[PDB]
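# this one's experimental. Sequence and coordinates below.
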Amino acid sequence: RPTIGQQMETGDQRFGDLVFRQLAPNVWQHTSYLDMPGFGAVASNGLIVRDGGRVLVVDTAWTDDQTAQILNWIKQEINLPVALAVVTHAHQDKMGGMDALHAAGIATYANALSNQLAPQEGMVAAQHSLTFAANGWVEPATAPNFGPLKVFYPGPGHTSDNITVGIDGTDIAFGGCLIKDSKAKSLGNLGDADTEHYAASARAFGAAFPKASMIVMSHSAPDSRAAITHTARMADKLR
Amino acid sequence: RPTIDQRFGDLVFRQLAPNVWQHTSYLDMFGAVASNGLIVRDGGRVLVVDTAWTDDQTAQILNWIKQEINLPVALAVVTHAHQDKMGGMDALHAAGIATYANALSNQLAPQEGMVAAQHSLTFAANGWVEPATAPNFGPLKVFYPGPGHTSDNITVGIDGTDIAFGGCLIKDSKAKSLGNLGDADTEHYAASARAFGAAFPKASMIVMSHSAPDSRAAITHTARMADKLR
Ligand SMILES: CO/N=C(\C(=O)N[C@H](C(=O)O)[C@@H]1N=C(C(=O)O)[C@@H](COC(N)=O)CS1)c1ccco1
Ligand SMILES: CO/N=C(\C(=O)N[C@H](C(=O)O)[C@@H]1N=C(C(=O)O)[C@@H](COC(N)=O)CS1)c1ccco1
Ligand SMILES: [Zn+2]
Ligand SMILES: [Zn+2]
Ligand SMILES: [Zn+2]
Ligand SMILES: [Zn+2]
């Protein structure tokens, strides 16, 4: 029962300290929890995607130990090798577990800017850098063999480096910490945010994946496209 | 722009009724966390419900009161032993303000990192404050609804207004969860939320610690979320 983040409901599997929810035949959401003394636990969500005989991960958990638990869940429930992970910006909820991925021998990818920022936050860069076109689409040569992961940089918003991921062959897109849920009272932590460009970036994510009906995000349960439009409307108020 | 109106220094004030204002203060951690309390004008004096998160913020509340109302602050009632409600006790005491809390809040206070109030409120089995422990409370009607967000949580209605204050017990009607349940009584929470509603059956404006004022649907929704904890 986290203080911040969705609660457990039917469909969820508790595994160690984490929760897993199947979203599609080949897509699961991982959820891990950071305890803040005096405040309680904060949930963060990422994705696990099966692509034939391999698995792809989006985001670490908050810590190495929690991230190793994700890998243990994958071993138990899927029993296929993890080919690569993509992490969606240089904050602890998304990149706190890089060492566990590296120890397991998993190739890691992040926005070049996230890799440049990571050490400034005490964290470990991904081993490979993604770069983007002027319209936000990832440069394909930087994202080799990504299978159904369609990476899109929507512009600065929650952070300047935030990226998003569509899951090709499904109706799911992942907004990470850029997108908040359709009932959210606020845009979360704006400490590293670009308040001028946020609204346009949220809308750009929606336009990049115009047919995604299930929007997955870091700190609330999967939602409708109203998460994207509500996020953009909250962001409009920041300018 | 907290992670979780009149600006005055680091605080925000909102008038809810001719003699009632909501105070809001922010704890920067992750980002800033808002907490709300109340300021009430009665009979030439001001009564405060809850401190801000810190002594300095609470001193700013007293300064706002000086500038906007300019009447003596007679007493404060604080609604449980957590930082959002009791973090500023020293500032109230320095200013000569008499402070009141549930006896249990005062006993938990040091263990929770808080300075105890000067006076202890006690309660009947039905939840209503024992009158002799709450002298000169004016329109404040203090009710202990049972364990919920914490075992010590109390609530406050304002007679002659449409307002009741649920503090951290009550969450808003659109809330996804009950906030921090680390110190909560998950078995009794739903009954306690319902007891608050029944204690203040007339109140149409429900004020709470971590959301803007809401309708009575906040009570109903909070109880229903709490039913699920059992
Ligand atoms: C380097 O990052 N350090 C983190 C961290 O990852 N914080 C992130 C952030 O602040 O952007 C998390 N992400 C957030 C987000 O809006 O995406 C918020 C979520 O917290 C809530 N309740 O919104 C704060 S917690 C941290 C320290 C303590 C809690 O989080
Ligand atoms: C002793 O209290 N220490 C506090 C504190 O006041 N915490 C309170 C609590 O945990 O109940 C606050 N109250 C809460 C509540 O549900 O009433 C939550 C609100 O935080 C959120 N966004 O739910 C966490 S912050 C604290 C320490 C560090 C941050 O807050
Ligand atoms: Zn972030
Ligand atoms: Zn985040
Ligand atoms: Zn509390
Ligand atoms: Zn609280």
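The structure has been received and is ready for your questions. Residues are numbered from 1 along each chain as shown, chains lettered A, B, ... in the order given. Ligands and ions are numbered 1, 2, ... in the order given.
# contact residues of chain A facing chain B?
Applying CB under 8 Å from any CB of the partner chain, we find that chain A lies next to chain B at A:1-7, A:36, A:38-40, A:42, A:181, A:183, A:185-191, A:220-221, A:238. Every residue, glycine included, has its C-beta placed from N, CA and C.
# now do the helices in chain A.
In chain A, the segments counted as helices under DSSP state H are A:64-77, A:92-95, A:98-103, A:112-117, A:198-208, A:226-236.
# do you know which of these lies nearest ligand 3?
Comparing the helices of chain A by their distance to ligand 3 (CB to the ion), the top pick is helix A:92-95, with 6.2 Å.
# the closest one near ligand 1 anywhere?
Yes - using CB under 6 Å from any ligand atom, helix A:92-95 reaches ligand 1 at A:92-93.
# check whether that helix contacts ligand 4.
Yes - against ligand 4, helix A:92-95 shows contacts by CB under 5 Å from the ion at residue A:93.
# what sits up against that helix?
A:34, A:42, A:44, A:46, A:59-60, A:62, A:87-89, A:110, A:114, A:118, A:121, A:123-124, A:126, A:176-177, A:218 (CB atoms under 8 Å, 6 or more residues apart in numbering or on different chains).
# which positions in chain A make contact with ligand 3?
Within reach of ligand 3 by CB under 5 Å from the ion, chain A has these residues: A:91, A:177.
# is it true that residue A:59 touches residue A:47?
Yes - between residue A:59 and residue A:47 there is a contact under CB atoms under 8 Å: 7.1 Å.
# what's the neighbour count on the residue nearest to residue A:167 when sequence neighbours are not counted?
Spatial nearest neighbour of residue A:167, chain neighbours left out: residue A:148 (5.3 Å); criterion: CB to CB, 6 or more residues apart in numbering or on different chains. Residue A:148 is surrounded by 18 other residues when neighbours are defined as other CB atoms under 10 Å in any protein chain shown.
# ends of stretch A:101-115, how far apart?
According to CA to CA, to the nearest Å, stretch A:101-115 extends 15 Å from its N-terminal end residue to its C-terminal end residue.
# quick one: that stretch near ligand 1?
No - applying CB under 6 Å from any ligand atom, one finds stretch A:101-115 out of contact with ligand 1, separated by at least 11.4 Å.
# related to what we said a few turns ago, could you dump the helices of chain A into TSV and include distance to ligand 6 and mean neighbour count?
Supplementary listing: the helices of chain A in TSV, determined by distance: least, CB to the ion, whole Å; neighbours: other CB atoms under 10 Å in any protein chain shown:
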stretch	distance to ligand 6	mean neighbour count
helix A:64-77	26	19
helix A:92-95	23	25
helix A:98-103	34	19
helix A:112-117	33	20
helix A:198-208	28	22
helix A:226-236	23	20
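# those into CSV, with extra columns for distance to ligand 5?
Putting the helices of chain A into CSV (distance: least, CB to the ion, whole Å) gives the following:
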stretch, distance to ligand 5
helix A:64-77, 26
helix A:92-95, 24
helix A:98-103, 34
helix A:112-117, 35
helix A:198-208, 31
helix A:226-236, 26
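# show me which residues of chain A are close to ligand 4?
Contact residues of chain A with respect to ligand 4, defined by CB under 5 Å from the ion, are listed as A:93, A:177, A:218.
# quick check: closest non-adjacent residue to residue A:27.
Among residues not flanking residue A:27 along the chain, residue A:49 sits closest, at 5.3 Å (CB to CB, 6+ apart).
# and for the residue in chain A that ligand 4 sits nearest to, the neighbour number?
For chain A, the residue closest to ligand 4 is residue A:177, as judged by CB to the ion, at 3.4 Å. Other residues near residue A:177 number 26, with proximity taken as other CB under 10 Å.
# ok, now which ones touch it?
Residue A:177 sits next to A:88-89, A:91, A:93-94, A:158-159, A:162, A:188, A:217-219 when contact means CB under 8 Å, 6+ apart.
# same thing but at 6 Å, please
By CB atoms under 6 Å, 6 or more residues apart in numbering or on different chains, the residues touching residue A:177 are A:158, A:218.
# name whatever forms a beta bridge with the most centrally placed residue in chain A.
In chain A, the residue lying closest to the centroid (CA atoms, centre = their mean) is residue A:176, at 3.8 Å. On the basis of DSSP bridges, residue A:176 is bridged to residue A:217.
# quick check, it in contact with residue A:218.
Yes - with contact defined as CB atoms under 6 Å, residue A:176 and residue A:218 form a contacting pair (5.3 Å).
# for ligand 1, what's the nearest residue on chain A?
Of all residues in chain A, residue A:188 sits closest to ligand 1, with a separation of 2.4 Å (CB to the nearest ligand atom).
# residue at max distance from the center of chain A?
residue A:38 (26.4 Å).
# how much space between it and ligand 5?
In this structure, residue A:38 and ligand 5 are separated by 9 Å, where distance is defined by CB to the ion, to the nearest Å.
# skip the chain neighbours and tell me the closest residue to that residue.
Across the structure, with CB to CB, 6+ apart as the measure, the residue nearest residue A:38 apart from its sequence neighbours is residue B:83 (6.7 Å).
# my read: the residue nearest to residue A:27 touches residue A:56, true?
Yes - with contacts defined as CB under 6 Å, residue A:49 counts as touching residue A:56 at a distance of 4.6 Å.
# run a quick neighbour tally on residue A:158.
Taking other CB under 10 Å as the neighbour definition, residue A:158 ends up with a count of 29.
# ok, it - contacts?
Counting by CB under 6 Å, 6+ apart, residue A:158 touches A:177-178, A:193.
# swap in 8 Å and give it another go.
Taking CB under 8 Å, 6+ apart as the contact definition, residue A:158 lies against A:89, A:176-178, A:187-190, A:192-193, A:198.
# next: residue A:39.
Residues near residue A:39 by CB under 8 Å, 6+ apart: A:3, B:29, B:33, B:180.
# same check on residue A:175?
Listed by CB under 8 Å, 6+ apart, the contact partners of residue A:175 are A:164, A:205, A:215-218, A:227-228, A:231.
# farthest-separated two in those?
In the contacts of residue A:175, two members sit farther apart than any others by CB to CB. They are A:218 and A:228, at 14.0 Å.
# residues in contact with residue A:80?
Contacts for residue A:80 (CB under 8 Å, 6+ apart) come out as A:50, A:53-55, A:74.
# turn these into JSON lines, including distance to ligand 1.
Putting these into JSON lines (distance: CB to the nearest ligand atom, whole Å) gives the following:
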{"residue": "A:50", "distance to ligand 1": "26"}
{"residue": "A:53", "distance to ligand 1": "33"}
{"residue": "A:54", "distance to ligand 1": "28"}
{"residue": "A:55", "distance to ligand 1": "24"}
{"residue": "A:74", "distance to ligand 1": "23"}
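# what's the most distant pair in the residues you listed?
Checking the contacts of residue A:80 with CB to CB, the most distant pair is A:53 and A:74, at 13.2 Å.
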